[PDB]
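None of the figures in this text is laboratory data; all of them are computed from the coordinates on show. Don't worry about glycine lacking a Cβ; one is built from the backbone with ideal geometry, like all the others, and counts go over all protein chains shown.
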Amino acid sequence: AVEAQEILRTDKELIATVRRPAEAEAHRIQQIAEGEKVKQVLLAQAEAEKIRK
Amino acid sequence: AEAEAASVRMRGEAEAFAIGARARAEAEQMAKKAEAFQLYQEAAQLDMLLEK
């Protein structure tokens, strides 16, 4: 029974330790990727119209 | 990758339009060169030969 309670505790600990940080990291990566994509698109548009003019 | 592809597409389209712009300008430019050259006599050809 000691080890069964330890199983439950380590399940919850692994959740709080790696499962949620993984989701937070995924959200951070996708947010930063969105920012970088918008920045690159705007810079490319600026360069293209520079070349056109 | 989508951002890079859009960048390449837009920059290439802009530079191609610029190439077309100089193309039209140079064509309308050379038409008058030919028109002017049409009115050249022996004196003008002699001047060109002695300049070259």
* **Condition met for B:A14 (surrounded by 10 or more Cβ atoms within 10 Å (Cβ to Cβ), within 12 Å of another protein chain (Cβ to nearest Cβ) and either of a type outside the set (D, E) or in a loop (DSSP other than H, G, I, E, B) (or both))** => yes
* Looking at chain B, which of its residues are aromatic (F, W, Y) and under 30 Å from A:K50 (Cβ atoms)? -> B:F17
* Structure fact -> Flagged pairs (Cβ under 8 angstrom, 6 or more apart or on separate chains; first in segment A:40-53, within 7 Å of chain B (Cβ to nearest Cβ); second of a type in the set (F, W, Y)) are A:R52/B:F17
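With the structure loaded, tell me whether B:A23 is surrounded by fewer than 11 Cβ atoms within 10 Å (Cβ to Cβ) and among the small types (G, A, S) or whether it fails that test.
yes
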* Structure fact -> If you go through B:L50, B:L46, the only one that is over 24 Å from A:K37 (Cα atoms), over 14 Å from the mean Cα position of the chain (by Cα) and surrounded by 10 or more Cβ atoms within 10 Å (Cβ to Cβ) is B:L46
